[PDB]
Amino acid sequence: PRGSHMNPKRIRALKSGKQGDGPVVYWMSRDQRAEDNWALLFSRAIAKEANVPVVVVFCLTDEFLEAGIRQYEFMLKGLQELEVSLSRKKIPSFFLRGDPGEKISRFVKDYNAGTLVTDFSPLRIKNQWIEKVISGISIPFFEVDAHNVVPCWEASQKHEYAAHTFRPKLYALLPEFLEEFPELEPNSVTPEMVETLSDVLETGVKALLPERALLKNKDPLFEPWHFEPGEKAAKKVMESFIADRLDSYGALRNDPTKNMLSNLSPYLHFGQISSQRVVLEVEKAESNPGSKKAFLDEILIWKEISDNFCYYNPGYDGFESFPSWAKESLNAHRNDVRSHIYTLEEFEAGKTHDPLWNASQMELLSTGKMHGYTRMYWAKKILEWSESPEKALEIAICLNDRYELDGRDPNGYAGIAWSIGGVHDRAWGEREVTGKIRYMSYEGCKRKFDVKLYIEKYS
DNA sequence: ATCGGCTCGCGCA
DNA sequence: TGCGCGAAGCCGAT
Ligand SMILES: Cc1cc2nc3c(=O)[nH]c(=O)nc-3n(C[C@H](O)[C@H](O)[C@H](O)COP(=O)(O)OP(=O)(O)OC[C@H]3O[C@@H](n4cnc5c(N)ncnc54)[C@H](O)[C@@H]3O)c2cc1C
C-alpha cells in the first residue's frame with residue numbers, strides 16, 4: 001500500500017493470490033459511509049498503486065425480514081444518500097440482492113475484480129461469508145478495521161477479562177492509532193442488479209407490512225422523526241452532542257428523563273459515522289474533563305472491548321461465553337422460583353407489573369432507541385422474570401435486534417452479556433435467581449432519577 | 001509468594 | 001443529591 005496516515009497494521013490478508021487485471025472492489029458491509037472509512041480508503045490506495053478504479057458493492061440480504069421496517073428504512077434511506085455521495089466521488093456502487101457468500105463471488109468473476117477488500121465485523125455471519133468467498137475467488141483478499149480506532153487483532157491477542165486489563169493495552173496504542181483521516185480521492189480510471197433502490201424499499205416494506213408494530217386502534221407505534229437517517233444527519237447529531245449535550249454528559253448520562261446522550265448509536269451501528277471521527281472531535285472540544293473521560297471511555301474502551309469479546313469468543317450470544325464464576329453462580333440458581341415469568345409476547349407489548357420496565361419497552365417500541373441506563377435495568381429484569389438464563393438471553397436479544405435501530409451489533413451482545421452474565425464485570429453479593437450477577441433495583445432507580453417522569457412520557 | 005484495584009445497593013449526610 | 005463501605009473473584013504488578 002505505502003502512504004501517509006495509512007498504518008499497515010490496520011489491514012491483514014484474508015487470502016494471498018495473484019493480483020487480478022481488474023478494479024479494486026470494496027465489499028461494504030459494516031461501515032456504510034463515504035467519509036472517515038479506513039476500508040474504503042485502503043481500497044482506494046490499492047487502486048492508485050495498481051492504476052485501476054475503485055468500486056463499492058453492497059449485498060441486500062433477506063436478513064431485513066428478521067427485523068422491522070424501522071431499521072430497513074433507516075439503512076435503505078441511508079444507502080440512497082450513500083449512492084449519491086459515492087457518485088459525487090465518481091465511485092460507482094452496485095447493489096446485489098441475495099446471499100453475500102454466492103453473490104460477492106459471482107460479482108468478482110462478472111466484474112473482473114483484481115483485489116477484494118472488506119471491512120471488519122467480529123460477528124459470526126460476516127466470517128461465514130468471508131470463508132465462502134475465499135473458497136470462490138482467485139484474487140487477493142484483504143480485511144481492514146474501519147470500525148475500531150485500534151485494530152481489533154492489534155489491541156490484544158486474547159479475550160480481555162475486564163476493561164482494566166484492556167485499558168493499558170488500548171491506551172499504549174492510542175498515540176499511534178488515534179490519528180486524523182486522509183480525504184477520500186475520487187476515481188481516476190473510468191469504471192466499466194437492475195431494480196431501483198426505491199423499488200427494493202417498496203417491495204421490502206410490502207413484505208414487512210403485515211407484521212409492522214401497531215397500537216390497539218390500528219395506529220402504528222413507530223415514530224420515524226426521532227433519528228433522521230444518513231451520513232449528513234449523523235454528523236448533525238455529533239455536532240449537537242458536542243454543542244448541547246457533552247458538557248452535562250458526565251453528570252447526566254445515567255438519567256433517562258434527560259436527552260443528554262450522544263444519540264449516535266444508530267449511526268454508529270450502520271457505520272453512517274466513524275467512532276474514530278467522534279473521538280477526534282471530542283478530544284479537541286473544550287469541555288468539562290469529567291464529561292470527556294466518561295464519554296471517551298464509552299466510545300473507546302467499552303465499544304472496542306465489545307469487538308474484543310465477539311472476536312475472541314465465537315459463542316458471544318450464548319451462556320458459554322460468560323466467565324466461569326458467572327456461569328457457576330447462575331447455574332446454582334436455575335431452580336430458584338422467579339417472582340414473575342413473562343413470555344416474549346408479554347415483554348414485547350410492555351405488559352409487565354413494573355411500570356418502569358414497561359415504559360422502557362415503550363421507548364424502544366415508539367422511538368427505536370432505549371436510553372442506555374434503562375437498557376441495563378431492562379435486560380437484568382428479563383433475567384429475573386424469565387424461566388432460565390438461556391431464555392433471558394434469547395428474549396433480550398430478540399427484542400433488542402427487532403426494535404433497536406442500533407441492534408444486531410457487537411455492542412448489543414457484549415452489553416446483554418454484561419447485564420445477564422457478568423462479562424467484563426466482577427462478582428457481587430449473591431441473590432436468588434441472578435446469583436452473583438450485579439443487581440439493579442426499581443428503588444435504586446428512584447434514588448438516581450425522576451422515574452415517574454420517564455413512565456409518564458412513555459404512557 | 002503477596003496484594004491493590006476493579007462501569008450496583010444501602011446507610012448516611 | 002454525593003460518599004464510603006459492603007460483597008466479592010481474579011488479574012497482573014510486585
Ligand atoms: C442490555 C444492553 C443492550 C445494549 N444493546 C446495544 C445495541 O444493540 N447496540 C449498541 O450500539 N449499543 C448497545 N448497548 C450499549 C449502550 O446502551 C448503547 O450503545 C447506548 O445507550 C447508545 O446510545 P448513545 O449512543 O446515545 O450512548 P452514548 O452514551 O452517547 O454512547 C456513545 C457510544 O459509546 C458506546 N457505548 C456506550 N455504552 C456502551 C456499552 N455499555 N458497551 C459498548 N459500547 C458502549 C456506543 O458505541 C455508543 O454509541 C447496550 C447496553 C446494554 C446494557
# chains A, B, ... in the order shown; residues from 1 in each chain; ligands from 1
>>> interface_residues(of="chain B", to="chain A", cutoff="8 Å", atoms="only C-alpha atoms (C1' of nucleotides)", output="CSV table (one decimal) with N, CA and C atoms (P, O5', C5', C4', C3', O3' and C1' of nucleotides), in the first residue's frame")
chain,number,residue,atom,x,y,z
B,6,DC,P,-9.2,1.1,40.3
B,6,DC,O5',-9.9,0.6,39.0
B,6,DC,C5',-11.2,0.1,39.0
B,6,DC,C4',-11.3,-1.3,38.4
B,6,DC,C3',-12.7,-1.7,38.0
B,6,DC,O3',-12.6,-2.4,36.7
B,6,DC,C1',-11.8,-3.3,39.6
B,8,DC,P,-24.6,2.4,39.0
B,8,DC,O5',-24.7,1.0,39.6
B,8,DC,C5',-25.6,0.0,39.1
B,8,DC,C4',-25.8,-1.1,40.1
B,8,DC,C3',-26.5,-0.6,41.4
B,8,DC,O3',-27.9,-0.7,41.2
B,8,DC,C1',-24.5,-1.9,41.9
B,9,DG,P,-28.9,0.0,42.2
B,9,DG,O5',-28.5,-0.8,43.6
B,9,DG,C5',-28.9,-2.2,43.8
B,9,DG,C4',-28.8,-2.4,45.3
B,9,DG,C3',-29.7,-1.5,46.1
B,9,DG,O3',-30.4,-2.2,47.1
B,9,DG,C1',-27.3,-1.1,46.7
>>> residues_near_ligand(ligand="ligand 1", cutoff="6 Å", atoms="only C-alpha atoms (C1' of nucleotides) and all ligand atoms", output="short mmCIF file (atom, residue, chain, number, x, y, z; two decimals) with N, CA, C and O atoms, in the first residue's frame")
data_model
loop_
_atom_site.label_atom_id
_atom_site.label_comp_id
_atom_site.auth_asym_id
_atom_site.auth_seq_id
_atom_site.Cartn_x
_atom_site.Cartn_y
_atom_site.Cartn_z
N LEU A 261 -27.64 12.10 26.16
CA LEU A 261 -26.70 11.19 25.49
C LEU A 261 -26.33 11.72 24.11
O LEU A 261 -26.89 12.70 23.63
N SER A 262 -25.37 11.08 23.49
CA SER A 262 -24.95 11.46 22.13
C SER A 262 -26.02 11.24 21.07
O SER A 262 -26.06 12.01 20.12
N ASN A 263 -26.84 10.20 21.25
CA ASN A 263 -27.83 9.71 20.27
C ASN A 263 -27.21 9.13 19.00
O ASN A 263 -27.84 9.02 17.95
N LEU A 264 -25.94 8.73 19.12
CA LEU A 264 -25.14 8.33 17.98
C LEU A 264 -25.19 6.84 17.67
O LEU A 264 -24.61 6.43 16.67
N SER A 265 -25.74 6.00 18.54
CA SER A 265 -25.69 4.54 18.32
C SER A 265 -26.33 4.02 17.03
O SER A 265 -25.80 3.08 16.43
N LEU A 268 -23.71 4.90 14.40
CA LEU A 268 -22.51 4.14 14.69
C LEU A 268 -22.69 2.67 14.27
O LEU A 268 -21.73 2.09 13.70
N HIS A 269 -23.84 2.10 14.58
CA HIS A 269 -24.11 0.70 14.26
C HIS A 269 -24.07 0.42 12.75
O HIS A 269 -23.47 -0.59 12.35
N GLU A 298 -16.46 5.32 27.10
CA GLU A 298 -17.63 4.62 26.46
C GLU A 298 -17.40 4.30 24.99
O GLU A 298 -17.65 3.19 24.54
N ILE A 299 -16.98 5.28 24.20
CA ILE A 299 -16.82 5.06 22.74
C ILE A 299 -15.47 4.36 22.42
O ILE A 299 -15.34 3.76 21.35
N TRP A 302 -15.26 0.68 25.99
CA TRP A 302 -16.47 -0.17 26.00
C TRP A 302 -16.95 -0.63 24.62
O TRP A 302 -17.26 -1.77 24.43
N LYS A 303 -16.94 0.26 23.67
CA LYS A 303 -17.29 -0.12 22.28
C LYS A 303 -16.26 -1.05 21.69
O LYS A 303 -16.60 -2.09 21.13
N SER A 306 -16.09 -4.55 23.15
CA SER A 306 -17.24 -5.38 22.70
C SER A 306 -16.85 -6.16 21.44
O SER A 306 -17.26 -7.30 21.21
N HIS A 371 -32.91 4.42 26.29
CA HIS A 371 -31.82 5.11 26.99
C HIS A 371 -30.85 4.07 27.56
O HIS A 371 -31.26 3.06 28.09
N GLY A 372 -29.56 4.37 27.48
CA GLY A 372 -28.52 3.44 27.91
C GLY A 372 -28.58 2.99 29.36
O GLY A 372 -28.24 1.84 29.63
N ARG A 375 -31.49 0.38 29.60
CA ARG A 375 -31.14 -0.90 28.91
C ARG A 375 -30.52 -1.88 29.90
O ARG A 375 -30.79 -3.04 29.82
N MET A 376 -29.69 -1.43 30.82
CA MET A 376 -29.12 -2.31 31.87
C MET A 376 -30.19 -2.90 32.75
O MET A 376 -30.23 -4.08 33.01
N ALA A 379 -32.63 -5.34 30.66
CA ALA A 379 -32.05 -6.68 30.44
C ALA A 379 -31.94 -7.50 31.71
O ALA A 379 -32.13 -8.71 31.69
N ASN A 400 -34.15 -6.65 21.41
CA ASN A 400 -33.06 -5.68 21.05
C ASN A 400 -32.85 -5.63 19.55
O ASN A 400 -32.88 -4.58 18.96
N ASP A 406 -30.03 0.51 16.64
CA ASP A 406 -28.60 0.12 16.83
C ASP A 406 -28.35 -1.36 17.13
O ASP A 406 -27.21 -1.70 17.47
N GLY A 407 -29.40 -2.18 17.09
CA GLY A 407 -29.29 -3.64 17.35
C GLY A 407 -28.54 -4.44 16.30
O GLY A 407 -28.12 -3.89 15.28
N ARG A 408 -28.37 -5.73 16.57
CA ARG A 408 -27.59 -6.67 15.77
C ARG A 408 -26.14 -6.21 15.66
O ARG A 408 -25.55 -6.23 14.60
N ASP A 409 -25.57 -5.87 16.83
CA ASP A 409 -24.29 -5.19 16.94
C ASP A 409 -23.44 -5.87 18.03
O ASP A 409 -24.05 -6.40 18.98
N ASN A 411 -21.76 -4.41 20.25
CA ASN A 411 -22.11 -3.66 21.50
C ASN A 411 -23.34 -4.29 22.21
O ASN A 411 -23.42 -4.33 23.42
N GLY A 412 -24.31 -4.73 21.43
CA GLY A 412 -25.54 -5.31 21.94
C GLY A 412 -25.30 -6.65 22.62
O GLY A 412 -25.76 -6.87 23.75
N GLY A 415 -23.14 -5.93 25.68
CA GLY A 415 -23.98 -5.25 26.69
C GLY A 415 -24.96 -6.15 27.40
O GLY A 415 -25.17 -6.05 28.62
N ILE A 416 -25.63 -7.00 26.64
CA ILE A 416 -26.54 -8.01 27.17
C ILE A 416 -25.74 -9.04 28.00
O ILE A 416 -26.20 -9.46 29.05
N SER A 419 -24.91 -7.60 31.39
CA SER A 419 -26.12 -7.43 32.21
C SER A 419 -26.63 -8.74 32.78
O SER A 419 -26.92 -8.85 33.96
#
>>> interface_residues(of="chain C", to="chain A", cutoff="7 Å", atoms="only C-alpha atoms (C1' of nucleotides)", output="list in words")
residues 7, 8 and 9 of chain C
>>> residues_around(residues="residue 4 (chain B)", least_positions_apart="5", cutoff="12 Å", atoms="only C-alpha atoms (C1' of nucleotides)", output="ChimeraX atom specification")
/C:10-14
>>> write_last_selection(atoms="C-alpha atoms (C1' of nucleotides)", output="PDB file, in the first residue's frame")
ATOM      1  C1'  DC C  10      -9.386 -12.765  39.979  1.00  0.00           C
ATOM      2  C1'  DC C  11      -5.642 -10.484  37.160  1.00  0.00           C
ATOM      3  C1'  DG C  12      -1.208  -8.924  36.985  1.00  0.00           C
ATOM      4  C1'  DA C  13       2.062  -5.675  39.077  1.00  0.00           C
ATOM      5  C1'  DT C  14       5.307  -6.615  42.679  1.00  0.00           C
TER       6       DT C  14
END
>>> closest_residue(among="A:290, A:210, A:230, A:20", to="residue 271 (chain A)", atoms="only C-alpha atoms")
A:230
>>> residues_around(residues="residue 5 (chain C)", least_positions_apart="2", cutoff="10 Å", atoms="only C-alpha atoms (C1' of nucleotides)", output="count of residues only")
3
>>> atom_distance(atom1="CA of residue 394 (chain A)", atom2="CA of residue 61 (chain A)")
22.8 Å
>>> select_by_dssp(residues="region 313-361 of chain A", states="helix (DSSP H, G or I)", output="NGL selection string")
:A and (319-321 or 324-332 or 344-348 or 355-361)
>>> atom_distance(atom1="CA of residue 103 (chain A)", atom2="CA of residue 62 (chain A)")
12.8 Å
>>> atom_distance(atom1="CA of residue 171 (chain A)", atom2="CA of residue 254 (chain A)")
25.0 Å
>>> decode(residues="region 250-270 of chain A", atoms="N, CA and C atoms", output="PDB file, in the first residue's frame")
ATOM      1  N   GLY A 250     -21.107  13.832  31.686  1.00  0.00           N
ATOM      2  CA  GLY A 250     -20.533  13.144  32.859  1.00  0.00           C
ATOM      3  C   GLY A 250     -21.527  13.071  33.992  1.00  0.00           C
ATOM      4  N   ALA A 251     -22.288  14.146  34.216  1.00  0.00           N
ATOM      5  CA  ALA A 251     -23.285  14.167  35.316  1.00  0.00           C
ATOM      6  C   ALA A 251     -24.608  13.430  34.981  1.00  0.00           C
ATOM      7  N   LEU A 252     -25.066  13.528  33.743  1.00  0.00           N
ATOM      8  CA  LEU A 252     -26.441  13.108  33.406  1.00  0.00           C
ATOM      9  C   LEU A 252     -26.599  11.919  32.433  1.00  0.00           C
ATOM     10  N   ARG A 253     -25.499  11.241  32.063  1.00  0.00           N
ATOM     11  CA  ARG A 253     -25.573  10.141  31.084  1.00  0.00           C
ATOM     12  C   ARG A 253     -26.474   8.992  31.604  1.00  0.00           C
ATOM     13  N   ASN A 254     -26.623   8.890  32.913  1.00  0.00           N
ATOM     14  CA  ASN A 254     -27.425   7.849  33.525  1.00  0.00           C
ATOM     15  C   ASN A 254     -28.848   8.289  33.984  1.00  0.00           C
ATOM     16  N   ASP A 255     -29.311   9.447  33.499  1.00  0.00           N
ATOM     17  CA  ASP A 255     -30.667   9.922  33.809  1.00  0.00           C
ATOM     18  C   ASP A 255     -31.442   9.862  32.492  1.00  0.00           C
ATOM     19  N   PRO A 256     -32.372   8.901  32.362  1.00  0.00           N
ATOM     20  CA  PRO A 256     -33.171   8.700  31.143  1.00  0.00           C
ATOM     21  C   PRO A 256     -34.237   9.758  30.814  1.00  0.00           C
ATOM     22  N   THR A 257     -34.599  10.596  31.786  1.00  0.00           N
ATOM     23  CA  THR A 257     -35.564  11.696  31.563  1.00  0.00           C
ATOM     24  C   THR A 257     -34.883  12.841  30.754  1.00  0.00           C
ATOM     25  N   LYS A 258     -33.588  13.001  30.995  1.00  0.00           N
ATOM     26  CA  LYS A 258     -32.755  13.957  30.247  1.00  0.00           C
ATOM     27  C   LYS A 258     -32.374  13.376  28.863  1.00  0.00           C
ATOM     28  N   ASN A 259     -32.386  14.240  27.835  1.00  0.00           N
ATOM     29  CA  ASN A 259     -31.937  13.875  26.495  1.00  0.00           C
ATOM     30  C   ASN A 259     -30.465  14.264  26.444  1.00  0.00           C
ATOM     31  N   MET A 260     -29.617  13.649  27.255  1.00  0.00           N
ATOM     32  CA  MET A 260     -28.242  14.120  27.404  1.00  0.00           C
ATOM     33  C   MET A 260     -27.198  13.162  26.821  1.00  0.00           C
ATOM     34  N   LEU A 261     -27.642  12.096  26.155  1.00  0.00           N
ATOM     35  CA  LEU A 261     -26.702  11.188  25.488  1.00  0.00           C
ATOM     36  C   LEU A 261     -26.333  11.724  24.114  1.00  0.00           C
ATOM     37  N   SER A 262     -25.365  11.081  23.486  1.00  0.00           N
ATOM     38  CA  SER A 262     -24.949  11.461  22.133  1.00  0.00           C
ATOM     39  C   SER A 262     -26.021  11.235  21.070  1.00  0.00           C
ATOM     40  N   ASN A 263     -26.837  10.202  21.248  1.00  0.00           N
ATOM     41  CA  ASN A 263     -27.832   9.712  20.272  1.00  0.00           C
ATOM     42  C   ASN A 263     -27.208   9.130  18.997  1.00  0.00           C
ATOM     43  N   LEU A 264     -25.936   8.728  19.120  1.00  0.00           N
ATOM     44  CA  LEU A 264     -25.136   8.333  17.975  1.00  0.00           C
ATOM     45  C   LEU A 264     -25.194   6.843  17.667  1.00  0.00           C
ATOM     46  N   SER A 265     -25.737   5.996  18.536  1.00  0.00           N
ATOM     47  CA  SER A 265     -25.688   4.544  18.318  1.00  0.00           C
ATOM     48  C   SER A 265     -26.328   4.020  17.028  1.00  0.00           C
ATOM     49  N   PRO A 266     -27.461   4.605  16.572  1.00  0.00           N
ATOM     50  CA  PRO A 266     -27.980   4.065  15.284  1.00  0.00           C
ATOM     51  C   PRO A 266     -27.033   4.348  14.121  1.00  0.00           C
ATOM     52  N   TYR A 267     -26.422   5.536  14.105  1.00  0.00           N
ATOM     53  CA  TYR A 267     -25.471   5.893  13.051  1.00  0.00           C
ATOM     54  C   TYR A 267     -24.153   5.114  13.195  1.00  0.00           C
ATOM     55  N   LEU A 268     -23.711   4.904  14.398  1.00  0.00           N
ATOM     56  CA  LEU A 268     -22.508   4.137  14.688  1.00  0.00           C
ATOM     57  C   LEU A 268     -22.685   2.668  14.271  1.00  0.00           C
ATOM     58  N   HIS A 269     -23.845   2.102  14.579  1.00  0.00           N
ATOM     59  CA  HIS A 269     -24.108   0.695  14.256  1.00  0.00           C
ATOM     60  C   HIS A 269     -24.066   0.423  12.747  1.00  0.00           C
ATOM     61  N   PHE A 270     -24.734   1.267  11.967  1.00  0.00           N
ATOM     62  CA  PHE A 270     -24.745   1.129  10.497  1.00  0.00           C
ATOM     63  C   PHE A 270     -23.462   1.652   9.858  1.00  0.00           C
TER      64      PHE A 270
END
